[PDB]
Every structure is written in structure tokens, then in C-alpha cells.
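Chains as they are written, first to last, in this note's numbering: chain A, 32 to 470; chain B, 46 to 468; chain C, 121 to 154; chain D, 131 to 442.
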Ligand SMILES: COc1cc([C@@H]2c3cc4c(cc3[C@H](Sc3nnc[nH]3)[C@@H]3COC(=O)[C@H]23)OCO4)cc(OC)c1OC
Ligand SMILES: Nc1nc2c(ncn2[C@@H]2O[C@H](COP(=O)(O)OP(=O)(O)OP(=O)(O)O)[C@@H](O)[C@H]2O)c(=O)[nH]1
Ligand SMILES: Nc1ncnc2c1ncn2[C@@H]1O[C@H](COP(=O)(O)OP(=O)(O)CP(=O)(O)O)[C@@H](O)[C@H]1O
Ligand SMILES: Nc1nc2c(ncn2[C@@H]2O[C@H](COP(=O)(O)OP(=O)(O)O)[C@@H](O)[C@H]2O)c(=O)[nH]1
Ligand SMILES: [Ca+2]
Ligand SMILES: [Mg+2]
Ligand SMILES: [Mg+2]
Ligand SMILES: [Mg+2]
Ligand SMILES: [Mg+2]
Ligand code: NA
């Protein structure tokens with residue numbers, strides 16, 4: 032067994048991290064006080080769920096998790112929440128005043144002050160690990176902390192843990208879900224600074240989550256709780272293979288091996304189905320063919336884009352519930368003859384498939400209904416570059432007038448870092464075009 | 046994240062005391078400082094404006110160079126609630142003279158004020174910055190107030206400075222020297238504030254006369270408008286919710302270039318109350334953005350919105366708010382700049398003000414504000430070309446050169462706003 | 121359409137299905153920037 | 131009140147379309163780069179499809195199908211017709227390379243005239259002028275009097291539901307020069323005919339009413355039976371083939387697009403697809419009617435206000 036440490040930075044990373052660990056405890060039968068009746072080895076073990084939980088002599092299962100926010104109000108709702116007893120004080124880290132939606136303030140001004148503390152508290156978790164695999168980092172692209180401090184931390188994690196893998200779950204900004212006007216700046220700045228320190232990054236576009244919440248849960252104006260509980264379902268689908276018995280994506284290195292042939296093109300598209308309203312009394316249970324077909328519907332993707340106008344490098348299908356290989360291959364054969372599914376020429380046209388028989392867990396009283404089967408598709412397609420092009424375009428509009436730039440220079444950042452960052456994203460966009468388009 | 050409020054001069058302390066009456070009510074604080082409210086959103090962020098026998102005390106400093114108006118605050122409805130040591134006043138007055146407030150009378154009193162500021166700042170767990178109420182047309186709020194702002198910046202250079210600045214108008218004038226005092230003050234604000242709400246007495250008078258059909262508006266009528274605006278514009282600072290704003294995020298998001306930090310507020314429904322028909326969300330959005338509803342006498346259709354922040358208060362359809370807000374931009378896209386994407390943001394708060402089941406308040410950084418600085422510049426120039434009334438200022442040690450430089454800096458400001466109306 | 125590397129356990133199974141074959145800054149440099 | 135933008139000033143057809151939108155008082159034109167639009171009349175090249183459909187509270191529609199170029203450029207169309215199981219045929223001339231299928235072109239070369247574009251009887255002459263080599267139709271149907279050649283242009287509208295609408299009015303673009311099989315009586319391009327005309331029909335443009343009468347008098351058949359059935363067959367085959375690749379059915383933005391199909395007719399009244407055009411112009415006589423039909427079925431179907439087409 033090899034351990035994974037989760038790190039949650041800024042408001043989005045913390046509040047999403049709250050939802051995930053709530054879900055993880057439900058999936059594993061761990062009560063809010065940290066007790067786990069199913070676990071018969073008291074105070075130790077190297078089961079699969081021990082990758083994410085350590086154990087005390089008292090029998091308490093403790094998340095290998097750190098929560099970090101440069102303001103105390105969000106983390107305080109963990110301290111005093113439903114799982115207070117799960118975490119211990121050392122894992123919740125709050126500063127005094129936040130980064131004010133400003134990457135440069137989160138990265139340079141406040142980050143300097145707090146990085147050594149955060150690294151020290153992570154070291155206390157790494158020391159309890161007999162074989163640390165690396166880190167899962169949850170954060171927004173857009174926040175001052177989520178963008179500015181995350182990038183400083185990722186740089187320092189590559190220093191202090193050079194051999195360890197680092198995975199990201201990144202919340203990509205969408206005006207429908209309250210955004211700062213400078214979020215394009217923050218997004219580009221932090222992608223540039225984090226690009227070479229992350230081995231695999233799952234972008235989640237708030238616009239996509241928001242619309243799924245409106246369309247499939249028929250919530251008229253979804254809350255952060257609605258958004259985060261759906262996001263946590265997808266995150267849990269992605270991390271299940273680390274926490275349960277299985278042979279696919281069983282450690283962080285396999286994510287890179289299976290999803291990322293080229294280190295810079297390391298942003299897989301996630302597509303999830305089905306998402307069913309819980310106040311919908313009687314709903315037909317979707318079949319393997321249907322939920323697999325729904326994986327090629329842009330309306331189910333975590334980032335809206337058109338994979339038909341791009342090329343695939345890698346594709347993993349992650350099923351939960353009543354699913355057998357026979358049905359998967361039937362559904363795939365059908366889909367190959369009707370969908371437009373082009374792989375690059377230097378890659379096998381195929382699917383790695385993982386099945387966990389336990390159907391998804393939902394939060395009692397949440398807006399998602401139990402289903403008897405679901406699937407998360409992870410595909411590395413060049414079509415996700417549409418998300419970069421969109422963001423890059425908004426950055427250009429504002430930067431052409433140097434709008435807001437003075438806030439960043441006033442924190443000690445050189446204007447040249449904007450151009451550095453933007454030029455990196457320009458290369459990134461052209462790497463995608465080289466890989467996935469022909470003239 | 047505590048705010049320290051300072052109110053200076055006659056106007057400053059009058060609209061200041063109304064602000065505290067209004068929000069004290071909204072948070073359930075009675076004149077004696079004891080909380081007797083019925084909801085817990087009221088107390089959740091109460092410490093932003095109040096210090097804590099479980100009584101709440103405004104973190105407010107009351108400043109004036111003559112004792113009159115502050116005797117009136119101490120006798121007013123909520124007068125008991127202010128900390129007695131936070132009244133800081135002299136005897137001489139400022140004679141509606143910027144130089145007296147800034148250089149002679151005010152200089153004598155400013156260190157006493159900073160001692161009270163310092164004491165309030167020390168009892169702060171994490172000081173956000175300062176909020177000052179004042180007019181620009183008099184002597185104490187204008188001259189001493191900008192002197193305070195400068196001294197505060199020097200002692201707290203990493204904190205935010207926010208002002209509600211009442212701009213003078215010939216339609217509601219006390220003295221002819223108001224353009225001089227206002228021009229000298231704007232120069233101070235361009236340099237030493239991060240955010241200034243322009244509260245234009247011309248716009249308030251027009252609104253009282255035309256819309257509210259009050260034919261003889263008093264300062265009490267004008268101040269009813271300012272009170273409603275100050276409450277709405279501070280809502281997201283004082284109440285918990287979706288979006289918990291603060292002074293620094295305000296400035297980062299609304300100010301694309303450091304000198305263009307002068308905002309036009311807007312409010313709906315405009316009231317003198319007397320009406321029980323609550324407005325539909327479409328109507329709030331329509332009126333709020335109507336020129337006849339903005340507290341600065343500027344035509345937004347003569348300029349462009351750089352940034353806009355709107356807050357809707359009461360119980361109403363979030364879905365309908367977003368629809369109407371998006372409607373207004375998508376129907377007049379010409380009045381929003383292309384080079385700041387998604388520059389209109391909207392918040393909601395369930396807790397309506399008093400006497401209203403729903404309201405809307407608008408914060409706008411519009412290039413049309415240049416019209417207000419032009420108006421002042423014209424009035425300034427009409428007198429200054431003849432050096433009229435200047436002896437009031439040279440008698441206090443000032444030289445004409447200082448007026449010339451202030452005129453120049455304000456014309457520069459007008460130019461800069463026009464530069465981005467044509468971008 | 122080939123099915124390879126099939127692994128089964130009590131919790132589920134995994135496999136691969138093939139449809140067609142194919143044709144760092146230092147601690148000091150950080151501290152300086154900060 | 132709907133909003134739209136105009137990013138192709140050279141568009142004859144959508145210049146008329148926008149002027150009709152304005153003349154309803156319910157459509158407002160914004161500046162080119164304003165993102166807050168309902169309708170985009172996009173540019174011909176590098177239209178930014180990835181930025182469409184991301185504006186909150188805006189249903190967005192664009193007048194091009196992303197991916198349609200595969201039908202609408204001659205190399206792509208030959209490849210498309212050759213590798214698509216649903217066409218790869220009979221109504222497309224044997225077509226074939228870069229300056230591959232060079233060995234294969236010479237293998238069939240063993241009437242042996244061909245044409246290159248992107249006309250000779252000797253392969254050597256054109257391989258060194260070099261692109262696609264297409265079998266030249268040596269036995270066209272010749273209009274008389276005039277012993278002359280022609281091509282048929284059909285306008286086809288595909289709406290956001292991927293319904294296919296064939297405009298009632300075609301146009302024959304005719305050669306005004308008798309056909310000599312031993313390059314102007316061979317190219318019916320109108321710009322080539324009014325530069326190297328006006329003889330028999332105004333503009334070397336014969337419309338359907340007259341051409342049908344001609345077939346009735348000269349051949350005892352109709353335009354519908356002898357030609358249009360094949361035309362409708364071909365339009366459906368091409369567009370239904372590419373439908374899964376370009377359909378905006380479940381997309382975050384919607385497309386429609388106007389196409390111009392160019393057909394040849396041979397001596398036995400068989401119809402041949404020559405090419406498909408993704409940015410066609412119209413016949414002046416027909417602009418009013420067709421641009422109004424575009425607004426009715428392509429634009430107001432998505433954005434309603436307060437048939438000239440055959441449904442294929
Ligand atoms: C002082 O009251 C408000 C301030 C803002 C304001 C604010 C003001 C803006 C703006 C953005 C934003 C951002 S919004 C955000 N949501 N998530 C991150 N950032 C931030 C947040 O905190 C803030 O303080 C910023 O764009 C133009 O004007 C906004 C308001 O309503 C929308 C408030 O009432 C009108
Ligand atoms: N999905 C989701 N998005 C969130 C959540 N909270 C904030 N966001 C998004 O995150 C971005 C804002 O960054 P935040 O994480 O809130 O800000 P922060 O990291 O705390 O940084 P500062 O407050 O500036 O110090 C915006 O795009 C929000 O829409 C959340 O709980 N869930
Ligand atoms: N195999 C073929 N057989 C007979 N005539 C042909 C032919 N290919 C082309 N032509 C003639 O050439 C003329 C136009 O050729 P083509 O359609 O290939 O290029 P084009 O000028 O139309 C490019 P576009 O219209 O897409 O801008 C046709 O009208 C036709 O008379
Ligand atoms: N809106 C409003 N304006 C005021 C009020 N009192 C004075 N003014 C204006 O303030 C300016 C005069 O300044 P004032 O505050 O009285 O002088 P000060 O005491 O020296 O600061 C003039 O432009 C007046 O119109 C008030 O209560 N409300
Ligand atoms: Ca155990
Ligand atoms: Mg935060
Ligand atoms: Mg181990
Ligand atoms: Mg006075
Ligand atoms: Mg043509
Ligand atoms: Na004195």
C-alpha cells in the first residue's frame with residue numbers, strides 16, 4: 032500500500048474538499064467521529080482505503096489531508112462542521128487576510144509568509160507514510176489563493192518531494208458562478224507557473240457543472256453545495272481506483288502512464304453519467320450502452336468543447352455499479368460505428384476499462400438520486416484546448432490595455448511575468464494544434 | 046476584517062450619523078447598543094462595523110473643527126451609541142475654507158484624531174481599512190478630511206482608504222468658494238484613496254425635485270437618499286452570503302487603472318416612503334440603471350461602464366435577477382467596454398432595508414463621471430481666472446501655484462477618463 | 121476488437137479493449153524570486 | 131430584442147440577410163467583436179467556434195457548420211467520397227495529389243481526357259503543371275440552339291435541426307460558346323463567360339422554368355424526373371454522410387449553413403456532382419427570395435419574431 036496526501040487550497044479547494052471527504056466516508060462506511068466498524072484491524076492496516084486514511088489506536092480513521100486558506104471563514108466551517116472530529120487542528124491552516132482575488136498577492140506577498148508553515152504541516156503527514164506516492168491538489172484557477180498560493184506550493188513540492196507525483200483538480204472560472212474580473216489573469220499566471228510541476232490535471236469548468244445542475248437536477252439557481260456535491264461525485268469516480276481493490280490506475284504514476292503521453296498535454300477531459308434528480312420519483316435505469324454513449328455527449332463533459340474536432344491520445348472508462356465487460360464491449364462496438372472518434376496516428380485506438388461493482392454513493396438528502404450504474408470517462412483529447420483559447424482570449428483583451436495590471440505590480444510582480452505566462456499558453460495552444468489538427 | 050469609520054465636518058457627521066442609524070437598525074442594534082434582533086445573519090459579520098456586557102459600539106470616529114453638529118449627533122436618536130472618547134472636535138471652525146481645514150485650523154487637531162484612530166486600529170483583529178464620510182465643498186470635511194487621509198495613509202500604507210465624498214452643486218450651495226474647496230480635495234482623493242463614492246448634491250437635488258416631487262428639498266431629504274445608498278453599497282461587506290466582499294476585493298475588481306477609482310452609485314426604488322406596492326425584479330433593474338436614479342449627475346449614455354457591481358436585497362427570484370441583469374447588458378452592450386470581459390457582477394442578500402420589501406443598489410465605475418469633474422473645473426475656472434475670493438486662501442499661507450496645480454491635475458483626470466471612453 | 125490484460129477481484133474487474141493499432145527551479149532560485 | 135454581429139463584409143448573401151433583420155425592428159447589429167450576440171454571421175476562415183456558446187443567458191447561432199469544409203474543398207471531398215462507407219458511389223466523377231494516389235491515377239489511365247483543379251488528354255502534360263485530377267465529362271448534355279455546355283447550381287440550407295432544404299430555384303450557368311471537343315466553351319464559370327455572352331439568355335443564366343420547358347420541348351421529359359430526383363439524392367447522400375461529424379444537435383451553440391452544389395448533366399440525362407461550395411453567392415434575381423427564406427427557416431426558427439424550399 033502507498034499513501035496519498037490531499038491538499039486543498041483556497042475557498043473552492045476547501046469547500047470541494049469538504050464534499051469529497053464526506054463522500055469518501057460514506058463510500059467506505061466511516062462514521063463522522065472517524066470510527067469504521069467494517070475495519071477489523073484496529074489502529075493500523077495497509078488496506079486500499081488506508082491510502083487516504085490513517086488510523087489511531089482509538090480506531091479513528093483520519094484523512095491524509097491538509098486544508099489551507101489565507102482567510103479563516105471557510106476552514107472554520109470544517110472545524111465546526113459535521114466532521115470536526117475527523118480532522119485534527121494541525122491539518123486546518125488559516126491565515127489572517129486573504130489574497131484579494133490577486134495571484135501576485137497570493138503568490139508573492141502572503142505566500143512567502145505562510146509557505147514554510149504549510150510545508151511543515153504536510154511534512155507531519157508525509158512522516159506517517161511508509162511509502163508516499165505524492166499529492167492531489169484541489170484549487171480554483173481564479174482565486175487569489177487558489178491561483179497564487181497553489182503555484183508557490185507546487186514549486187516547493189517539486190523541491191521537497193522531487194520523486195513524488197502531483198495530480199490537480201482545478202476549477203476553471205465561469206462568470207455564471209461568481210468570478211472576479213481578473214480571473215483570466217490569475218488563471219494564465221498559475222497555469223504557466225504550475226505547468227511543469229503537475230503530472231496530470233483534471234480541469235472542471237464551473238459553467239459545465241452549473242449547467243448540469245440546471246438541466247439534469249432541475250435546480251433553477253444552483254448553490255455551491257449543489258455544485259460541489261456533483262464535483263465530488265466526479266472526483267470520487269476519478270480517485271476510486273486509489274482507494275479500492277482493482278488493477279487500473281492503482282497509483283498516481285499510472286494516471287500519467289495511461290492518460291498523458293506528452294508531459295505538457297496533461298489535461299484529460301472528464302465526462303460523467305448519469306446525473307439524475309433525486310426528487311424525480313420513478314426514472315428508468317440507464318443501461319451500459321446508454322451511459323457509455325452519454326460519455327460522448329458534450330452536455331455531460333466537465334469542460335464544454337467538441338471532441339469531434341480534435342484527436343484522442345488516451346481514453347479510460349471508469350464504471351461503478353452493475354456492469355460486466357461483455358456489456359462494455361458491446362456498447363463500445365456500437366459507439367465506434369456512430370460517433371466520430373479519431374485517435375492520433377501514433378497511438379492505439381482503444382479503451383482502458385475499470386469496473387467497481389459498488390454503485391455510486393450519494394449523500395442522503397442531496398439532489399442526486401442513486402443509480403445502479405454510472406461511468407466516468409477520462410479522455411486526453413486536443414479538443415480541451417478550446418478552454419485555453421477562450422481563457423487566453425479574455426486575457427488578451429484586458430492585457431492589451433494593461434487593465435488591472437497595477438494591482439499585480441504593486442505586490443512586487445514584474446509586468447514581464449504576464450508576457451512570460453501568456454507566451455507559455457501560446458505554445459501550449461500550438462502544441463495542441465500540432466497534435467490534433469491537419470492542414 | 047474590521048473597518049474603521051471616520052466622519053468629518055458638518056456634512057460628514059450628518060450623513061455619517063444617518064448611516065449608523067440605518068445599519069444599526071438593519072443589524073438589530075437599538076440606540077443603547079444592545080442587540081434585540083430576530084435573525085442571525087444580523088450578527089454574523091457585525092464586527093466589520095461594531096466592536097463588542099454584550100453591547101455593540103460602532104467603530105466610528107467623529108471629527109469636526111466646531112462643536113455644533115457633533116452636539117447635534119450626541120442629542121440625536123442614536124447619539125448614546127457612539128463611544129464618548131471617539132468624539133474629537135475643536136472650537137474654531139474652518140470657515141468653509143479648505144486651507145483652514147488642511148493647513149491651519151485642521152493641522153492643530155489632526156494628531157488627536159490619529160490617536161483615536163490608532164486606538165481603534167489596535168483593538169482590530171485584522172484591519173481592512175478606513176471609510177470616511179465628508180463633503181468636498183466646505184472646510185473641515187474637505188480640507189481637514191483630506192489631511193487625515195494623507196496622515197492615515199502614511200501610518201497605514203498597506204490598508205484600504207474608502208470615502209463617501211459629497212460633491213457640491215450651485216443648486217444646493219452654502220458658499221461661492223465650494224468649487225475651490227472641491228478642486229483642492231479631488232486632487233487629494235485621486236492620490237490617496239482606493240475607492241471614492243461620488244455623492245453629487247446636484248443629482249440628489251434633481252432626484253428630490255423631479256422624481257420624489259419634493260419641491261423644497263432639505264438636507265434631510267438629500268440625506269435620505271445618501272443613507273439608502275450607503276446601506277446598499279455596504280451590504281456585501283456587512284452580511285454573510287454567497288459572496289462576502291471586502292474593501293480590497295472591491296478595489297481590485299472595480300479599479301482598472303489606479304486614478305480611476307471614483308464610482309457612481311445608483312439605487313432603487315427612490316423614495317422620499319408612502320408606497321406599499323413592491324416592485325417586480327424587472328422594475329428594480331429598470332429604475333436602478335435609469336439616469337434619474339443615480340446619485341451623480343452624469344449621463345451614463347454619454348460614457349461607458351468599466352465595471353459594475355449590483356446587489357439586490359429582499360426575497361425574490363435569483364433566476365429573475367440574473368435574467369434581468371443579463372438583459373440590461375445584452376440590450377445596451379454599447380455602454381459596457383469590450384476590453385473588460387464579464388464586467389457586470391450581481392449579488393443578492395435576503396435581508397431588505399427598512400420600509401422596503403425589495404431594493405437594488407448599483408456601484409458603477411463609469412467614464413461618464415468625467416462630466417462631474419468638468420462641471421467643477423468650469424466653476425473653479427470662472428472664479429480663478431479673476432483670482433476671485435482667493436484672499437481667503439492666501440491669507441492662510443497658500444500660494445496661487447497650488448490652485449493652478451490642482452486645476453491641472455483635475456483636468457488630467459477628466460482627460461484620462463475620456464481616453465478610455467474612446468478605447 | 122481485442123480484449124487484453126483482464127484482471128478480476130471480488131470488487132470488480134479491469135481490462136483494455138483495442139480497436140485499431142497505431143500507424144526544475146531550485147529552492148534558492150525560488151527564494152530569490154520571492 | 132435579438133442581437134447579431136457581422137464578421138464577413140464580403141458576403142453578398144448575408145449582407146442582404148442582415149439588412150432584412152434590421153428591417154424588422156427586432157434585431158440590433160452590434161460591433162464585430164462584441165461577444166454578447168445571439169447571431170453571428172461569421173468569417174470564412176478561422177471562425178472562432180470554440181468561443182461560441184459560453185455567454186451566460188445567450189442562445190447563440192452561427193451561419194456555418196464547423197467541419198463542413200470536408201465537403202466544401204475539392205481535395206477533402208474526393209477523400210470524403212472515397213473513405214466514407216456510405217459513399218465510396220456513382221454520381222461523382224473518378225477523381226484523384228500533391229506537387230498518395232499517383233501510382234493509382236496512372237493505373238486507370240491505362241476516352242481518356244482528364245481535368246486538374248484545386249484540361250488535357252496526356253497525363254504527362256498536367257502532372258508537371260502541378261490538386262485533384264478528375265475525369266473530364268467528355269459527353270455533356272448540350273443546350274441547343276448553341277451546341278453549348280452548362281452546369282446546374284442548387285442552393286441548399288441546413289438549419290440547426292439538421293433539416294435539409296433545397297431552394298426551389300436553381301440556376302444553369304451556361305457557356306455561350308459552342309462545345310468543341312478538339313478553354314471557354316469548356317468552362318461555364320460566369321466570370322469566365324463574361325470576360326472571354328448574353329447571346330441566348332440574360333447573363334448566361336437560365337432559370338428552371340425555361341430549362342424545364344426546354345426539356346419538355348426537346349426531350350419529352352421534365353426537370354423533376356430527368357434531373358432533380360438525382361440532385362436531391364446527391365444532396366442527401368453528402369449531407370447525411372457528414373451529419374454525425376458536424377451536427378450541433380446537443381451542442382452548446384447552434385449552426386446553420388447555406389451550400390451551393392454544382393452539378394453536371396451528361397448525354398444520358400445522368401447528373402454528376404462537380405463540387406460543393408460553403409460560401410456561395412446567389413443569382414441577383416433570386417437574392418430577395420432566398421435571403422428571406424434564410425431568415426424564416428434558419429434564424430427565426432431559433433429566434434421567433436412578434437414555402438420556397440423543398441424539404442429533403
Ligand atoms: C462591496 O460590495 C460588493 C463588492 C463586489 C466586488 C466586485 C466588484 C466588481 C466585480 C467583481 C467583484 C468581485 S465578485 C467575486 N466573486 N468571486 C470572486 N470575486 C469581488 C468579490 O468581493 C468584492 O468585494 C468584489 O466586477 C466588476 O465590479 C461585488 C459586489 O456584488 C457583485 C458587492 O456589492 C455590489
Ligand atoms: N465549484 C466551486 N467553485 C468555487 C467554490 N468557491 C469558489 N469557487 C470559484 O473559485 C473562483 C474564486 O476563487 P476562490 O477559491 O473562491 O478564491 P480563493 O482561492 O479563496 O482566493 P482569495 O479569496 O482571492 O484569497 C471563482 O471562479 C469561483 O466561482 C466552490 O465551493 N465550488
Ligand atoms: N469533370 C468535369 N467535367 C466537365 N466539366 C467540368 C468538370 N469539372 C469542372 N468542370 C467545369 O469547370 C467549371 C468550374 O469548375 P470547378 O467547379 O471545379 O471550380 P470552381 O471555379 O467552381 C471553384 P468554387 O466554385 O468552389 O469557388 C464548371 O462549371 C464545369 O463547366
Ligand atoms: N448631502 C448633504 N450635503 C451637505 C450637508 N451638509 C452640508 N452639505 C454640503 O457640504 C458642503 C459644505 O460643507 P460642510 O460639511 O457644511 O462644511 P464643513 O463642516 O467645513 O466640512 C456644501 O456643498 C453643502 O451643500 C448634508 O447634510 N447633506
Ligand atoms: Ca485497519
Ligand atoms: Mg478566499
Ligand atoms: Mg505504505
Ligand atoms: Mg456647513
Ligand atoms: Mg463554382
Ligand atoms: Na487656533
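The beta carbon of each residue, even a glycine, is placed where N, CA and C say it ideally should be.
Q: Would you please verify whether the beta carbon of residue 280 of chain B is less than 9 Å from any beta carbon of chain A?
A: Interface flag for residue 280 of chain B against chain A is unset, since no Cβ pair is found closer than 9 Å.
Q) Looking only at C-alpha atoms, which of D:201, D:321 and D:297 sits nearest to residue 362 of chain D? A) The candidate whose alpha carbon is nearest that of residue 362 of chain D is D:297.
Q | N- and C-terminal bounds of the beta strand (DSSP E) containing residue 304 of chain D | A | Per DSSP, residue 304 of chain D belongs to the beta strand (DSSP E) from 301-304.
Q. When the Cβ atoms of the segment 341-359 of chain D are set against those of the segment 305-320 of chain D, are three or more pairs found closer than 8 Å?
A. No, they do not touch.
Q) Hey, is residue 287 of chain B's beta-carbon within less than 9 Å of any beta-carbon in chain A? A) At a cut-off of 9 Å between C-beta atoms, residue 287 of chain B counts as an interface residue with respect to chain A.
Q: Quick one: grab the DSSP three-state call for residue 241 of chain A.
A: Helix.
Q: Identify whether residue 65 of chain B lies in helix, strand or coil by the three-state DSSP scheme.
A: In this structure, residue 65 of chain B counts as helix in the three-state DSSP scheme.
**Q.** Cut-off 6 Å between Cβ atoms - residues of its own chain near residue 306 of chain A, not counting five sequence neighbours on either side
**A.** These residues qualify, in order along the chain: 243 and 247.
Q.
Give the residues whose C-beta lies closer than 7 Å to at least one heavy atom of ligand 7, in chain order.
A. Close to ligand 7, as judged by a C-beta nearer than 7 Å to any of its heavy atoms, are the residues A:32, A:33, A:34, A:77, A:160, A:161 and A:162, in chain order.
Q) How many Å lie between residue 137 of chain C and residue 219 of chain D at the Cα? A) One C-alpha to the other measures close to 33 Å.
Q: Let me know if residue 378 of chain A comes out buried or exposed under the rule of 16 or more other beta-carbons within 10 Å of its beta-carbon.
A: The residue is buried, with at least 16 neighbouring Cβ atoms inside 10 Å.
Q) Exposed or buried, which one is residue 215 of chain A when buried takes at least 16 other CB atoms within 10 Å? A) Within a 10 Å sphere around the beta-carbon of residue 215 of chain A sit 16 or more other beta-carbons, which makes this residue buried.
**Q.** C-alpha gap between residue 136 of chain D and residue 268 of chain A, whole angstroms
**A.** Going by C-alpha positions, residue 136 of chain D is about 44 Å away from residue 268 of chain A.
Q. Could one say the Cβ of residue 133 of chain D lies closer than 9 Å to chain B's Cβ atoms, at least one of them?
A. It does; some Cβ of chain B falls within 9 Å.
Q. Out of curiosity, what's the CA-to-CA distance linking residue 83 of chain B and residue 277 of chain B?
A. Each residue's Cα considered, the two are about 20 Å apart.
Q.
For chain A, check one thing: does any of its Cβ atoms lie closer than 9 Å to the Cβ of residue 179 of chain D?
A. Chain A has a Cβ within less than 9 Å of the Cβ of residue 179 of chain D.
Q: Taking residue 140 of chain C as the query, report the chain A residues whose CB atoms sit under 8 Å from its CB, ordered along the chain.
A: Ordered by position in chain A, the residues that pass the 8 Å Cβ test against residue 140 of chain C are 374, 379, 380 and 381.
Q.
I'd like to know whether the C-beta of residue 342 of chain A is nearer than 9 Å to at least one C-beta of chain D.
A. So no, residue 342 of chain A is outside the interface.
Q.
According to DSSP, simplified to helix, strand and coil, what is residue 326 of chain A?
A. In the structure shown, residue 326 of chain A sits in a helix (DSSP, three-state: H, G or I).
(Q) Are the CB atoms of residue 389 of chain D and residue 288 of chain D within a distance shorter than 9 Å? (A) Contact: yes.
(Q) Can you list, in chain order, the residues of its chain with a C-beta nearer than 7 Å to that of residue 338 of chain B? Leave out the 5 residues immediately preceding and following it. (A) 311, 312, 313, 315 and 332, listed in sequence order.
Q.
With distance defined between alpha-carbon atoms, name the residue in A:427, A:50, A:290 and A:203 nearest to residue 454 of chain A.
A. Here the closest residue by C-alpha is A:427.
Q: Taking only beta-carbon positions, decide if residue 371 of chain B is within less than 9 Å of chain F.
A: In the displayed structure, chain F is absent; the protein chains listed are A, B, C and D.
Q) Residues of chain B with a CB under 8 Å from the CB of residue 94 of chain A: which are they? A) Per Cβ cutoff of 8 Å: no residues; residue 94 of chain A is ~26 Å from chain B at best.
Q: Going by DSSP, name the residue or residues bridged to residue 170 of chain A.
A: A:201.
**Q.** Interface partners of residue 138 of chain D on chain B, CB under 9 Å
**A.** The contacting residues do not exist; residue 138 of chain D stays about 20 Å from chain B at best.
Q.
If contacts are defined as beta-carbon pairs under 8 Å, then residue 136 of chain A and residue 174 of chain A qualify, I think. What distance do you get, rounded to the angstrom?
A. That pair is no contact at about 11 Å.
Q. Can you name, in chain order, every residue of its own chain whose Cβ lies under 8 Å from the Cβ of residue 327 of chain B, other than the five neighbours on each side?
A. Cβ within range, chain order: 365 and 369.
**Q.** residue 281 of chain D - partner residues in DSSP beta bridges
**A.** Partner(s): D:303.
Q: Please report how far the alpha carbon of residue 118 of chain A lies from the alpha carbon of residue 271 of chain A, in whole angstroms.
A: Taking the straight line joining both Cα atoms gives about 21 Å.
Q.
With a threshold of 9 Å between beta carbons, is residue 419 of chain A in contact with chain B?
A. With 9 Å as the cut-off, residue 419 of chain A does not count as an interface residue toward chain B.
Q: Below 6 Å CB to CB, which residues in the same chain sit around residue 302 of chain D once its five sequence neighbours on both sides are set aside?
A: Contacts found: 280, 282, 336 and 341.
Q | residue 125 of chain A, enclosing beta strand (DSSP E) - first and last residue | A | Element bounds for residue 125 of chain A: 123-125.
Q: Going by DSSP, name the residue or residues bridged to residue 247 of chain D.
A: In the DSSP output, where bridge partners are listed per residue, residue 247 of chain D has D:262.
(Q) Quick check: does the Cβ of residue 150 of chain D come within less than 8 Å of any heavy atom belonging to ligand 6? (A) For residue 150 of chain D, the CB stays at least 8 Å from every heavy atom of ligand 6.
Q | Selection of the segment 190-209 of chain A by Cβ proximity to chain B, strictly under 7 Å | A | Taken in chain order, the members of the segment 190-209 of chain A whose beta-carbon sits within less than 7 Å of a beta-carbon on chain B are 206 and 209.
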